[PDB]
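The next block holds one structure in the form of structure tokens; read it before the comments.
Just so you know, all these numbers are worked out from the coordinates, no wet-lab data involved. Reconstructed Cβ throughout: ideal geometry from the backbone, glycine too, with neighbour counts over all protein chains shown.
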Amino acid sequence: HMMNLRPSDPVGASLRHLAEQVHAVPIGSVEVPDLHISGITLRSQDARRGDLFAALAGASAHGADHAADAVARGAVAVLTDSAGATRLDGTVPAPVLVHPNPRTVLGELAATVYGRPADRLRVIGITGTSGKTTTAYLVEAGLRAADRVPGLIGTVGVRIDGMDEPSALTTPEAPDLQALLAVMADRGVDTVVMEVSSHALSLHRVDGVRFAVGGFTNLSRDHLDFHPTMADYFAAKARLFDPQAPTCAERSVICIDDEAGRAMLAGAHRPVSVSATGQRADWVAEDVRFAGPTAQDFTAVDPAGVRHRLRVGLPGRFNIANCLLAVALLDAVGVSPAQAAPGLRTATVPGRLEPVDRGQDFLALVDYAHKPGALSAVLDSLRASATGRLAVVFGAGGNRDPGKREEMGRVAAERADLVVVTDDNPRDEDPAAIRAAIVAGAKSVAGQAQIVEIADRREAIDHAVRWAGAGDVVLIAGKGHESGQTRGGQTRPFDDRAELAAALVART
Ligand SMILES: Nc1ncnc2c1ncn2[C@@H]1O[C@H](COP(=O)(O)OP(=O)(O)O)[C@@H](O)[C@H]1O
Ligand SMILES: N[C@H](CCC[C@H](N)C(=O)O)C(=O)O
Ligand SMILES: [Mg+2]
Ligand SMILES: [Mg+2]
Ligand SMILES: [Mg+2]
């Protein structure tokens, strides 16, 4: 029954001032009161003394049906839409405001209520198809090494001043994010690094955030079950860099190693370009050197002409680009490469090319990639002379884009020496039919990959671990930091890191 995290003593705001700020109007004939509002939420179970409850239309349900409960829990006022109003007329003992489309103003209302936390610290937002999480963790580690106090908001969770924050949401709505930024400022955070997804930029979830710096990794095909076309997907991410958009960051740090990045740079507010593929850019990586199985040395060249010799403590060639972007973002908030370097060398990223070491003589790691494009990239990222043979173990989710299954098999069989097709959250589907589609795609490739099908994921991990010899690479893909195997409405624990470690201890 743990309610969502709020700042302990927010400045708050008068309801009348909030109504004037966003052109909300009273539901009825009574003028908006100067009632003190100390919080805002869209979830009645998170409502508490002093809150404005946002009662909004949603999936086959309207929050107005929960407004009486929110007020009973201590909310002192309600903000709703026209539909909600007709349903709240004279039913709750609290003032009600109506707005044409409240979802579009919740972020700015929460910014006011929580004291404009994005003006108390520097917010870095990072968007792009892949690399948001790794880049964010590298930035957080660089800030800590520089003796700054960082906050991190990402897919895995939230961390504040070096401490996990389990009471915060990983995918906050706009009011939740403002509350979390205020908590961070209260706890001494001077710089927040957060992932900003195309969903968030399309659904008003980062409205009201002043972004000091925006970063762009790359774009490839993804999220087309939400965006109608690639052009809509690009346009959503462009909202972080377009000077005409209210979400535009004050400085844009853009990787130009793909077509989308080059186009983003051309229209971006106050652009800084970054390239780890040899192209001309303000920041470039050069002189990349092998540094053992889980580290890579490189030189970051800054726009002033200074060469910084650095180490990123991650495997995978594309992590040079993520580290270079992290370095440029850190510079944009006043952290030098030398100050950040100890953090870049030691950072760990949960579920993103995350190695597990139990003393074996080969590289064994877990990665989140669960779609063909990301899987192709991570397999390519692990291709290098040091890499003997490469094995990948994965499956595909039930009740998730079935059209990707053959393609995942294809991309794996084009790149890996051993492809182990197993189960990964078959959910309400026939698990054997999912594996069959992946296997068919893998077999359609002309090459020399060995294709093995093992339904049980523990057995599949075990098979790959037993197969590996000195200098080989074993990749367990598709779950990353996410624990669980869901079948027919039941979920059993299954953490790929724990299961990989157990196989390594047993077999190695
Ligand atoms: N710069 C990159 N280019 C291509 N693929 C990447 C990059 N960074 C990470 N990946 C891969 O894509 C997936 C998502 O990586 P992550 O670092 O979580 O990105 P995001 O947070 O943008 O989803 C992982 O499975 C990883 O293998
Ligand atoms: N958590 C995300 C990714 C899961 C990826 C893969 N493990 C799967 O279950 O399809 C989801 O629910 O779509
Ligand atoms: Mg995504
Ligand atoms: Mg992510
Ligand atoms: Mg957690």
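Worth a mention:
- When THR155 is tested against (1) under 25 Å from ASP232 (Cβ atoms); (2) within 15 Å of ligand 5 (Cβ to nearest atom); (3) surrounded by 24 or more Cβ atoms within 10 Å (Cβ to Cβ), only condition (3) is not met.
- Within region 316-334, the set of residues being within 19 Å of the chain's Cα centre (by Cα) and acidic (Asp, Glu) is empty.
- Checking each residue in region 203-215 for being β-branched (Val, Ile, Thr) and assigned to a loop (DSSP other than H, G, I, E, B) picks out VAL206, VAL209.
- Of all residues in region 239-263 being charged (D, E, K, R) and not in a loop (DSSP other than H, G, I, E, B), the one that is farthest from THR387 (Cα to Cα): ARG251
- If you go through region 71-97 and keep only what is over 20 Å from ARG16 (Cα atoms) and either within 30 Å of the chain's Cα centre (by Cα) or β-branched (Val, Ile, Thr) (or both), you end up with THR86, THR91.
- Yes/no for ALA146 being crowded, with 20+ Cβ neighbours inside 10 Å, within 18 Å of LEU329 (Cβ to Cβ) and among the hydrophobic types (A, V, I, L, M, F, W, C): yes
- Residue that is under 30 Å from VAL123 (Cβ atoms), away from ligand 5 (no atom under 16 Å from the Cβ) and within 24 Å of the chain's Cα centre (by Cα), where the choices are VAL378, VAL349, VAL393, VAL306: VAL378
- Counting only strands (runs of 3 or more DSSP E) that sit completely within region 413-508, those holding 3 or more residues that are in contact (Cβ under 8 Å) with a residue 40 or more places away in the chain correspond to 473-477, 485-487.
- For region 197-211, residues that are within 14 Å of ligand 4 (Cβ to nearest atom), surrounded by fewer than 24 Cβ atoms within 10 Å (Cβ to Cβ) and among the polar types (S, T, N, Q) total 1.
- Residue selection: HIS227 fails the criterion of being assigned to a helix (DSSP H, G or I) and either charged (D, E, K, R) or within 16 Å of ligand 1 (Cβ to nearest atom) (or both).
- If only residues of region 403-421 that are charged (D, E, K, R) and more than 12 Å from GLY447 (Cβ to Cβ) are counted, the one that is surrounded by the most Cβ atoms within 10 Å (Cβ to Cβ) is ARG405.
- Per-region count, region 264-290, residues of a type in the set (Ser, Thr, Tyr) and in a loop (DSSP other than H, G, I, E, B): 1
- Per the listing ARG122, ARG159, the residue uniquely away from ligand 3 (no atom under 16 Å from the Cβ) and more than 18 Å from the chain's Cα centre (by Cα) is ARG122.
- Filtered residues of region 352-375 (kept if within 20 Å of the chain's Cα centre (by Cα) and over 19 Å from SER483 (Cβ atoms)): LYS371, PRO372, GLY373, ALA374, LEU375
- Residue ID - farthest from ligand 5 (Cβ to nearest atom), chosen from residues in region 168-194 that are surrounded by fewer than 16 Cβ atoms within 10 Å (Cβ to Cβ) and over 17 Å from the mean Cα position of the chain (by Cα): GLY188
- In region 422-435, residue nearest to ligand 4 (Cβ to nearest atom) [restricted to those that are surrounded by fewer than 22 Cβ atoms within 10 Å (Cβ to Cβ) and aliphatic (A, V, I, L, M)]: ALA433
- Considering residues of region 221-259 that are more than 15 Å from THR135 (Cβ to Cβ), small (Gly, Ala, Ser) and out of contact with any helix residue (DSSP H, G or I) (no Cβ under 6 Å at 6 or more places or on another chain) only, the residue surrounded by the most Cβ atoms within 10 Å (Cβ to Cβ): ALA238
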